[PDB]
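Throughout, protein chains are lettered first and strands after them, A, B, ... in sequence-line order, and every chain is numbered starting at 1.
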Amino acid sequence: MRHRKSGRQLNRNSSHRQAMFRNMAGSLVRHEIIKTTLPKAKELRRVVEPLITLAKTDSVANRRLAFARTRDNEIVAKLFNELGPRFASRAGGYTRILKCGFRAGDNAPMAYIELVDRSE
Amino acid sequence: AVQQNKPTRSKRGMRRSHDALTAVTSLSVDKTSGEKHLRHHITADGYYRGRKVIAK
Amino acid sequence: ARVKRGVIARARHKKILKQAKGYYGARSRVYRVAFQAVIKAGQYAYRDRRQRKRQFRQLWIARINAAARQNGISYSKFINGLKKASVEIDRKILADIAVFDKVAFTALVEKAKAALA
Amino acid sequence: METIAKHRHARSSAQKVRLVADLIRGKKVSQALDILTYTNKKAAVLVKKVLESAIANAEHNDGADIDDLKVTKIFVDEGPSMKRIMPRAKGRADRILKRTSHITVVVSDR
Amino acid sequence: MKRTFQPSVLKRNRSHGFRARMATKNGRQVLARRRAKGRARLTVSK
RNA sequence: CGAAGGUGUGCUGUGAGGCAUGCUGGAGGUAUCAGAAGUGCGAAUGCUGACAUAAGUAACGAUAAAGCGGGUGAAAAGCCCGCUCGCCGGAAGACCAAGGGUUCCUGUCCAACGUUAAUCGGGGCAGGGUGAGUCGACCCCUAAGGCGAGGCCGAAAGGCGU
RNA sequence: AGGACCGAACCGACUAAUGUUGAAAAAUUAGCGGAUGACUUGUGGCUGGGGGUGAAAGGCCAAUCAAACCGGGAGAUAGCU
RNA sequence: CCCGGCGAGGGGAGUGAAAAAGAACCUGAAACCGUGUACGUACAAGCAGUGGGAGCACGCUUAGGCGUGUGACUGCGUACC
RNA sequence: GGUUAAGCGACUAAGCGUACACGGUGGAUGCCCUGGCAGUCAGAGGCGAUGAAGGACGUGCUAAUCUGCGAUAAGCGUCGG
Ligand SMILES: [Mg+2]
C-alpha cells in the first residue's frame, strides 16, 4: 500500500516502463529540451541524472555499461565527450522541470525538462 | 438495483451543490512583463522568474 | 361533425392548476397530481370548517379557566355559578373580556361566587 | 447600455456549460476573462469566445468605458437535441441524446 | 456464426427473378398484385 | 380604433360555467331560439410526439505499447515527415472467387458521422481513374436438374414426359 | 491394409472461468474429441406444411416448429380481465 | 461594418407595417430546463394539505388594523382508480 | 461610563422550497387549403401482334430529380383557334 515505496507505474508494465524511459532518456540528451508530462519528467530524472553521473568518468567499462542503457552508440558518443566536461564540476541536479500548463487533447499536466546550461 | 420512485429536482439540485467549480483567484503576476500566469508555471511566451526558459 | 376537444380540455386543466397554485413540486405542475391535491384540499376544508368551531371553543374555555383560576375558582364552578345567576354570556366574549379588561372579569367571578352560595 | 451576445446551438450540454457560467457571474470583466482562459474545461473555451464577442460588441456598437464594463446577466439554455441510435447487447437499441446549448451573455457598464 | 442470409446473385435471380416469376401462374399473380400496389421495384432482379 | 387563439386579473352563479378587462396575437367570430353529434378523459401493462429520472453515473468494444523533435494548422497524445520501442509474419503479408458497387487517386471543408480532440478518414463537394485475338466472361458441348412442340393423364388450374 | 495410433490445418463442442442492459440475440480464454474416413468443404440442383427431412431429439425446415411465414374468412370467439 | 478559425454563431446598419415575421421563419400552450426579485429553511421526522397564525416585502389608503407574496409555530389529517 | 456574571437574541444560504417577471426546448390550440371522403347529373364502359398495361435506358446550354418525349428523343408535319 505504498509504505516507503518509490517507483511510479504510469499505467504500464515493467517492460514498457523500461523501454519508454530508455527511449525518452536518449531523446532528452539528444535535444537537451523535451516536453512531457509532469510524472514522466519527475521519474526521468531518476534515469538520466544517474546516467550523466556514470558518464562523468570515461572508461571502456563505463562506456559499455552506459551502452547497456539507452541502447544507442550515438547517445553514448555524445556522452563522455559533450555532457562530461560540462557537468564535471556539478554535483547532481543536472535537470530542471518547467511547468507549462495542460494539453488541449487530454488535459494532462505539461512540463518541459532540460539540462542546466544547454550551452545556448 | 433501480429506483422505486422518481427523485425530484430538489434532490437533484442538492446533489449538485458540491459539484461547483473552484475558480482561481490570484494566479500570478510576472516580474518582467507583468502578465497573468499559473503559480510555478511559465507564461505564454516562456517567462519564469523573469529570465528566458524556452527561447521559442 | 367532428368536434375538437383541444380548447375545452385545456381550460379545465388551467382551472384545476389555478386552484392548486403553490403546494409543492408536481402538485402545482402536474394535473394528475394537482387534481388529487385539489380534491383532498376540499375534504380538509370541509372537515376543518366544522373543526374550527371546536378548536376556538377549546381555546376560549382554556383562557376562561386560566383567568378564573387566577381569581381562585375552577372553570366548572365558574360556569355553574354563572348559570345560577341567569347570565347568558357565551365563552367567546368571556374569553375576550378575560384578556383585555381584567376588572370586568373580576366582576363576573364575584357575581358567580355570590350566586354559587 | 446593455450589450447582448449569444452563441446558439453550441455543441455542449447545458449542465456542463452552466458549471463554468457561475464562475464569472457578476465579476469584473478584467478578471472574468482571466478565469475563463485559465479554466481547464471545453465549456470555458466556448463561453470565452462569447464573452470576447460581447466585449467588441459593446465598443464597436456602443460608446466607451471598457475598463468599467461588468458582466451582469449570464445564463445557459438547453437547445434542440439530436437523436442517435446506439446499438446494445442482445439486439437492443438505445436512443442517445446529443444536447446543444444556447449561451447568452449580457454585459453593461452599469 | 453463420447467419441465415448468405448472399448469392445467381441463386437470388433464379429464385425470385422476373423470369422465375413469369414461369408460373402463381408468379403472374404476384407480379399483378405488385403492379396494382404500384411498387417501384416489381421484382428482385438487378 | 383590432376577430379567433394564448397568457394574467377582477366580478358573478347551488355547479358544469358566464361576463368584463391588461398583454400577446394579426383575421375572422357570432347573440336569442331550434335542429344534428366523431359532444366533455386520469387511468384501459392504451396509441403517437415531446421532455424528465437514474446522472453527467456505467461505458468509450481484446493488457500487441508508446516516446521524442520538426511541419501544416486558430488549436496536435490521434494528421505528415524522421529517429527509436513493440506486435503479426501457414498472418495481423501478397493475389483472387462469392459478395459489395466507387469504398480507388487528387484538390478543398469540419455542418452531421468516427463512442474523445481533428487539420485526419472508407465523412461532405468537385475533378480524375477501369485500355485484352492470347486473362475471365461471351461462345461449342454436357452432368445433377429445369422447361418442354406432338403425346399420355387430370373437374378447371395443371402433372408427367419424347 | 486398417471405419489403426499420437498430433497440425479442418470439423465438432466435454470441463472450468469470464461475460449475462456482454466484444457476441450462445461468444472469448485455458483446457478437450475426431482428424484416410459412416470425414470435411466450395458451387449448383431436388424434396413445401398435416407436408418435407430426420444414425430418432416429436429434433430441423431463414435468430420460431407438438404443425413455418404472408395475405384473406376476420371487427373469428371469449359466461373471462 | 464588427467579433469570431477567410467558420458556426452573434451584434449593429438597412428592407420590411411588423425581423417579439430571418429562412430551425403565422399564432407558440403544457410537461421539462434556467436567470433575477420577495419570503421561508442548516435541532428537525411522515400522502406535504387544511384551520388558526406571528413575522417579513410590495401596492393601497392619505391614517382606519385592506389586498397580494411567503409561511416560524400549532390542532387534525396513512394519494387516485 | 467601565469590569464580571446570568438570561434572551436576529442579521449567514453551500443548496432548496413557494409566488411573480423574463427566456430556451417543445409544436399543442386558432385560422387556411391546387389534398382527401361520400354522392347527383352525363359519357366511357376497355386496351393489344398495325405489338397492350407496366418498366429499363437515353433526350435540354444540364449535375440530379419530377414531367414530357423516344436516336426526328421537354420533341416533327398538316389543318383550325
Ligand atoms: Mg407555473
Identify the pairs formed between an N or O of the protein and an N or O of nucleotides 66-72 of chain H at a distance under 3.5 Å, and give each distance.
none

Looking at I:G70 opposite I:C57, are both of their pairing distances below 3.5 Å, so that they form a Watson-Crick or G-U wobble pair?
yes
Do any N or O atoms of the protein come closer than 3.5 Å to N or O atoms of nucleotides 74-78 of chain F, and which pairs are they?
from: F:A77; atom 1: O4'; to: A:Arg103; atom 2: NH1; distance (Å): 2.4
from: F:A77; atom 1: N6; to: A:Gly105; atom 2: O; distance (Å): 3.1

Watson-Crick or G-U pair, H:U41 and H:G67, both under 3.5 Å:
no
Could you run through nucleotides 73-81 of chain H and give me one letter per nucleotide, 5' to 3': B if any protein heavy atom sits under 4.0 Å from the base, S if only the sugar-phosphate is that close, - if neither?
--BBS-BS-
Parallel, tilted or perpendicular: ring planes of A:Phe102 versus B:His41, cut at 30 and 60 degrees:
tilted
What residues, two or more places apart in sequence or in another chain, satisfy side-chain contact (heavy atoms from CB on, under 4.5 Å) together with A:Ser27?
A:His31, A:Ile34
Counting only non-hydrogen atoms, which of residues 19-46 of chain E are less than 4.0 Å from RNA chain F?
E:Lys25
For nucleotides 25-42 of chain H, just jot down a letter per nucleotide in 5' to 3' order: B, S or -, based on protein non-hydrogen atoms under 4.0 Å.
----S-SBSSSS------
Using the P atom as the reference point in each nucleotide, state the distance between G:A68 and G:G51 in Å, no decimals.
14 Å
Is there any protein nitrogen or oxygen under 3.5 Å from a nitrogen or oxygen in nucleotides 31-38 of chain F, and what are the pairs?
from: F:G38; atom 1: OP1; to: C:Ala1; atom 2: N; distance (Å): 3.0
from: F:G38; atom 1: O2'; to: C:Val3; atom 2: N; distance (Å): 3.4

With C1'-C2'-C3'-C4' as the criterion (positive north, negative south), name the sugar pucker of F:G122.
south
Where the side chain of C:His13 is concerned, which of H:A48, F:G42, F:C41 is the nearest nucleotide?
F:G42
Residues in ring-ring contact (aromatic ring centres under 6.0 Å, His included) with B:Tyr47, at least two apart?
none
Tell me which nucleotide among I:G26, G:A27, F:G40 gets nearest to the side chain of D:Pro80.
I:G26
Among F:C113, G:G22, F:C68, find the nucleotide with the atom closest to the side chain of A:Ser27.
F:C68
Nearest listed nucleotide, side chain of C:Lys15, among I:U29, F:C41, F:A16
F:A16
A:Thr95 vs A:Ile52, side-chain contact (heavy atoms from CB on, under 4.5 Å): CA-CA, chis, key distance, verdict:
CA-CA 10 Å; A:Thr95 80; A:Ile52 300 299; over 6 Å; no
In residues 3-15 of chain E, which residues come under 4.0 Å of RNA chain G by heavy atom?
E:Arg3, E:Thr4, E:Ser8, E:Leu10, E:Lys11, E:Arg14
Annotated protein contacts, base or backbone, on nucleotides 2-16 of chain H with a non-hydrogen cut-off under 4.0 Å, one of B, S, - each
SBSB-BBBSBS----
Per atom distances to the D:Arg11 side chain, the nearest of H:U50, F:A112, F:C41 is F:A112
Pairs under 3.5 angstrom, nitrogen or oxygen only, protein versus nucleotides 57-65 of chain F, please.
from: F:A65; atom 1: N3; to: A:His16; atom 2: NE2; distance (Å): 3.2

Per the glycosidic torsion and the 90° limit around 0, nucleotide F:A117 is anti
Classify the sugar of F:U130 as north or south, using the sign of the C1'-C2'-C3'-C4' torsion: positive means north, negative means south.
south
Picking from F:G69, F:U9, H:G49, the nucleotide nearest the side-chain atoms of A:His31 would be F:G69
Taking a pair to be Watson-Crick (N1-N3 plus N6-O4 or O6-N4) or G-U wobble (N1-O2 and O6-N3), each under 3.5 Å, are F:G40 and F:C96 paired?
no
Side-chain contact check for D:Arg99: nearest option of G:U21, H:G52, F:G56 is F:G56
Hey, does the base of F:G56 sit stacked on F:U57, as in ring centres below 5.5 Å and plane angle below 30°?
no
Using the ring-ring contact (aromatic ring centres under 6.0 Å, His included) criterion, which residues pair with B:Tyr48? Sequence neighbours excluded.
none
